[PDB]
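Have a look at the structure below before the remarks.
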Amino acid sequence: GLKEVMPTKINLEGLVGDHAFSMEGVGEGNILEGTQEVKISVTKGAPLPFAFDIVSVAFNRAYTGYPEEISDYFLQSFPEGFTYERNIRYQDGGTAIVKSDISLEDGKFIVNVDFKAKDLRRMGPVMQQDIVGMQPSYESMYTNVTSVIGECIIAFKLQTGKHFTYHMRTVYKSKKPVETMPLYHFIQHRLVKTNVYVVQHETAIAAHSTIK
Amino acid sequence: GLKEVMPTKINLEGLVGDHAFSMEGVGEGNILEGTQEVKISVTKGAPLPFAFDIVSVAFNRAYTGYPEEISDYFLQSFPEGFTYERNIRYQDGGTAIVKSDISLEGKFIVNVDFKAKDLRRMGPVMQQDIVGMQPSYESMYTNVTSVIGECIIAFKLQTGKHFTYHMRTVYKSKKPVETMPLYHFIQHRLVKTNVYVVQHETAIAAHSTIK
């Protein structure tokens, strides 16, 4: 029950330290090519005390470009869709948890996410808003029983030219059984803000190692 | 003082849990193409009570293929060479610390210390359930005069499941370095080519391939 280019509505609720907030995202993307673009606003708790970029990853693996040769867990989850449970540890010892449900209502991806972070250092890049944006990444993907785990190191480039990184571990779950589970592979990401009351773009392409 | 094809000798001293052991490796590689093959043997403390593969990363970034467009911090460090301090967190809570000196003799003489603890008695490392390493992408970036590499390394288990770890390495040139690299990746694929083992690693530096 999908189309090549798919609209999405994304509702986010969150706590970062003691700060409660709400954001909503709207956009569309190509589920064959692996591109999305979402316009994101705060609907509550603005201004934000922390770098916007920490929620970038929160705002749908349905939008990734899968080669024939690799099993496409995310697509195969539909029309039911999938959820994920994401843990993040920033290099400072701060952590975040991100729970999300990707459902499909009508010809639309409907995403409800709960975002919670704690122990972010007061004088570190996030709380001081010293982040320029994310670098590209390669998320290792692999099956564990009926679920697919993704793991990567995400780097924030800082105003100063240095980087600040985090470990992200995501367990994805198709709501309805997926018959063929994928072999170990990578999804290369590149997520960037293409206009600041924010629009981000992400290109996500799955592939095996290109080393013979 | 280098040569397209460089020989190496590697002396590893280890302690995993309470088990002390010493190992040696001899090999060669291509410092332009980023390839290397090393024959590895235990010289002390055999047989090992854990999977060999955990020391595979311990057995030299001089062996990576670097495009002209990306500053090669490792080639730029010689003739003196470089060191690293590497911290590893296995998914079960086990950790490792690995410290190494890469010096130049036109042979690479490497001396590495490998110390791990908190490995699960019944986990795949102590139970030796590891087939081998998967390919990986190591995020490289500059921090002042050092370069940091960060990766998720994945062990393929006998069952087809995986067991992963997070590796963070601080690489330090012994000599000052003119041009420090911009954010890039090093893609690896390390495999056992014959089991008293021979390993082969390929390492290629590159920027992201998404425009």
Side-chain angles (χ1 to χ4, degrees), chain A residues 54 56-58 60-61 64 66 70-74 82-91 93-100 134-156 163-174 181-191 202 204-209, chain B residues 53-54 57 86-96 123-125 130-140 148-157 159-169 185-190 208:
Chain A
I54 72 180
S56 224
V57 168
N60 174 352
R61 285 282 52 77
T64 117
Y66 265 88
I70 305 174
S71 281
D72 194 345
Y73 186 79
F74 311 101
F82 66 97
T83 72
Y84 69 73
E85 257 262 0
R86 176 169 283 156
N87 291 76
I88 290 179
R89 291 70 75 147
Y90 306 99
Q91 68 180 231
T95 54
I97 299 149
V98 188
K99 316 185 68 145
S100 182
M134 295 165 62
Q135 295 289 6
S137 76
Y138 290 85
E139 174 181 5
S140 309
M141 315 296 293
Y142 57 95
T143 183
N144 190 52
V145 193
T146 303
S147 313
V148 59
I149 303 171
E151 265 198 286
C152 57
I153 303 302
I154 286 315
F156 286 129
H163 294 87
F164 176 91
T165 73
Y166 63 82
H167 179 190
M168 190 174 293
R169 195 183 302 247
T170 303
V171 48
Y172 304 84
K173 264 195 201 60
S174 191
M181 297 296 278
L183 294 170
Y184 177 100
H185 65 288
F186 302 97
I187 288 164
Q188 193 182 6
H189 299 269
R190 188 194 285 274
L191 186 163
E202 178 202 348
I205 302 166
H208 284 298
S209 181
Chain B
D53 304 276
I54 72 183
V57 157
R86 169 172 285 157
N87 293 105
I88 292 165
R89 306 100 140 88
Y90 303 102
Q91 62 170 230
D92 225 331
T95 60
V125 171
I130 295 172
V131 179
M133 286 167 65
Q134 291 287 10
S136 78
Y137 283 90
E138 181 185 5
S139 293
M140 313 302 291
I148 298 169
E150 277 196 275
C151 196
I152 302 321
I153 296 308
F155 289 125
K156 179 182 178 178
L157 308 187
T159 50
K161 152 99 265 82
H162 291 79
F163 183 95
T164 66
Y165 66 94
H166 170 203
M167 180 166 71
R168 182 167 185 282
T169 304
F185 303 89
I186 288 163
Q187 189 191 5
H188 309 262
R189 190 197 288 270
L190 191 168
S208 171

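So that the names make sense, note that chain A is the first sequence line, chain B the second, and so on, each numbered from 1.
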>> If the condition is ring pair (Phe, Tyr, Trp, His ring centres under 6.0 Å), which residues does B:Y165 pass it with, not counting sequence neighbours?
In response: B:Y90, B:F155
>> Under the rule for ring pair (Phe, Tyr, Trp, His ring centres under 6.0 Å), what residues qualify as partners of A:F74, not counting sequence neighbours?
In response: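 Scan of A:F74 (ring pair (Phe, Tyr, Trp, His ring centres under 6.0 Å), adjacent residues dropped) gives A:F82, A:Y172.
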As an exercise, state the distance from [atom1] of [X] to [atom2] of [Y], rounded to the nearest 0.5 Å.
X: A:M134; Y: A:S56; atom1: CE; atom2: OG; result: 5.5 Å
X: A:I154; Y: A:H167; atom1: CD1; atom2: NE2; result: 10.5 Å
X: B:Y137; Y: B:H188; atom1: OH; atom2: NE2; result: 11.0 Å
X: B:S139; Y: B:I148; atom1: OG; atom2: CD1; result: 11.5 Å
X: A:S100; Y: A:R86; atom1: OG; atom2: CZ; result: 7.5 Å
X: A:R89; Y: A:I153; atom1: CZ; atom2: CD1; result: 9.5 Å

>> Working note: A:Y142 + B:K156, criterion side chain to side chain contact (heavy atoms under 4.5 Å, CB included); need CA distance, chi angles, decisive distance, verdict.
In response: CA-CA 10 Å; A:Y142 57 95; B:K156 179 182 178 178; over 6 Å; no
> Are A:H185 and A:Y66 close enough that their ring centers fall under 6.0 Å?
Replying inline: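 Yes.
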>> Would A:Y73 and A:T143 count as a side chain to side chain contact (heavy atoms under 4.5 Å, CB included) here? Give the steps.
In response: CA-CA 9 Å; A:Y73 186 79; A:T143 183; over 6 Å; no
Could I get the full list of side chain to side chain donor-acceptor pair (under 3.5 Å) partners for [X], not counting sequence neighbours?
X: A:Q91; answer: A:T165
X: B:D53; answer: B:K192
X: A:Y184; answer: none

Locate the shortest heavy-atom distance separating [X] from [Y]; write the atom from each residue and the value.
X: A:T64; Y: A:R61; answer: CG2-O, 2.5 Å
X: B:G149; Y: B:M140; answer: CA-SD, 3.7 Å
X: A:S209; Y: B:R189; answer: CB-NH2, 3.3 Å
X: A:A58; Y: A:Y84; answer: O-OH, 3.7 Å

> Hey, mind stepping through B:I130 and B:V125 against side chain to side chain contact (heavy atoms under 4.5 Å, CB included) and telling me if it holds?
Replying inline: CA-CA 7 Å; B:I130 295 172; B:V125 171; 3.9 Å; yes
> Passes side chain to side chain contact (heavy atoms under 4.5 Å, CB included), A:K173 versus A:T146? Steps please.
Replying inline: CA-CA 7 Å; A:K173 264 195 201 60; A:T146 303; over 6 Å; no
> For A:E139, what residues pass the salt bridge (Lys or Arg N to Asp or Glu O under 4.0 Å) criterion, not counting sequence neighbours?
Replying inline: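 A:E139 satisfies salt bridge (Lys or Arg N to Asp or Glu O under 4.0 Å) with no residue once adjacent residues are dropped.
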